[PDB]
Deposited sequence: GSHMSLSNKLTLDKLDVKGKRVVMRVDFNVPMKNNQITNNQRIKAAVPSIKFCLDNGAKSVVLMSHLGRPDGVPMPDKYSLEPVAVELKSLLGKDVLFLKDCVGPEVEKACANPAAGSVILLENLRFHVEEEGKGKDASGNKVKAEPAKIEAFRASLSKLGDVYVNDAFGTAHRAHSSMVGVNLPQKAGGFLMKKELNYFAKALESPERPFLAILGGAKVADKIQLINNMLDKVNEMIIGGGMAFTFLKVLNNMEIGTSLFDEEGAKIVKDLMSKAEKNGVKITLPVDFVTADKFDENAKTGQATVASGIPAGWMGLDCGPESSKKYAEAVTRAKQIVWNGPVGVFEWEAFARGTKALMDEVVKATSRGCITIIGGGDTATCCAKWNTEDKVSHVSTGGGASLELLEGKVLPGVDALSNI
């Protein structure tokens, strides 16, 4: 991921720039509740403008239209308005993102123009599949996917992807823009830079913190990271499958993966061959049901979790052992929380861990959190950086130009 063209190396003087951005801002009744994403794209836009771009055409998606036009539910129009204010420059909103009219509008704009197109996911051709009003799944048509892609391509002379968080999908706006230079925007640059260091030449010790719910769909994540790390914390719902299998721990109604259980000793067996020191939790915050407002308890591996109750967070002794690993690390990658941090009662392990990760950063650790000024890098894509850590090829990253 080191050798990708980035916007700062791209010539844009007098060029029309088609820029895929992340403008999926949280919305309430069509009013933007957090403009943080729009803000994050401004440096890229401005760089283009300050460097004499003829136009920047912004294409993005919002919400969940699933390939049906929903102008009154998932329009990008409000975003154009916020952007005009963020930039101090007019932004031209277009009511579609492809077709003859949009093409004429973009063919030779007034120099310095900024254009936001309507939501890409109004077209089944963006994602290559969608639904209808009755919610019956539909397929896109090959011929029409290709035409969509040719129309997006008509809108600029160079292309910028600053949408890392979509870069794991082979979508028209990710892989379909056929233009001679395809660069990463400034957000995408930071992602490639941080993840490339971590995967290629991490500082050492390299600690991976892996949490979340399910073991089953994290087998490649763990496997690949076992090729690379020196230490790994296993937390979140995952840990109960490991502790049941490895230690015969009573887990109560804690998440258990019957399929995952059968490979636990396989993974530990790989950790051992490789010299990766595994830190599992040793105590827990328990809950009488899966609910924000459940009664809370405490349990250790020795006592086990009681009948009826589940571990939704690690305890104080687990936080210390976690901290011991964090204290050793010179490079940390963290993917997935270590308890149900959405619920205040089950959020202490995660907050405490984050406090340790923040101090580590102060002392000079390189710290990467998956999908904020106190860590080295917060990733802008959750699914994408997970597939990265799995060692997969990301279509939108792979499509960018080399050198």
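Absence of C-alpha coordinates is noted for several segments of the deposited sequence, namely 1-5, 377-388.
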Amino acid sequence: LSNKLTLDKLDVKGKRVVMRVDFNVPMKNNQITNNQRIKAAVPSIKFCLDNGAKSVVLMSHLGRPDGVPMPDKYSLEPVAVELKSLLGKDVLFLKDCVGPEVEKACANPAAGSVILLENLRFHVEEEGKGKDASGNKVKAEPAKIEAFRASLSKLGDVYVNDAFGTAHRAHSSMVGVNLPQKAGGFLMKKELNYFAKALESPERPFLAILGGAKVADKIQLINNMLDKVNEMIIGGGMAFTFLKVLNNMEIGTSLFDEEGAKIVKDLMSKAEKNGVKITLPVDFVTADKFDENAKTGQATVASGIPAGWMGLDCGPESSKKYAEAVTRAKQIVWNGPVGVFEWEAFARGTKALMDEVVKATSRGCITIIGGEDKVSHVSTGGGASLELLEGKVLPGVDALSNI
From here on, numbers count along this sequence of modelled residues.
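Once the C-alpha B-factors are averaged per stretch, 228-236 and 137-145 rank with 137-145 first. Mean CA temperature factor is higher for 208-216 when stretches 186-194 and 208-216 are set side by side in the entry. Highest CA B-factor among the listed residues (157, 132, 203, 266): 132. If you compare the C-alpha temperature factors of 55, 30, 367, 350 in the entry, 30 comes out highest. For residue 40, the recorded CA B-factor ranks within the middle third of the chain. Only modelled residues enter the ranking. When the CA B factors of the chain's modelled residues are split into thirds, the value for residue 308 lands in the highest one. Per-chain ranking of the deposited C-alpha B factor places residue 96 in the lowest third.
The PDB entry assigns residue 258 a C-alpha temperature factor belonging to the highest third of its chain's modelled residues. In the PDB entry, a CA B factor belonging to the lowest third of its chain's modelled residues is recorded for residue 328.
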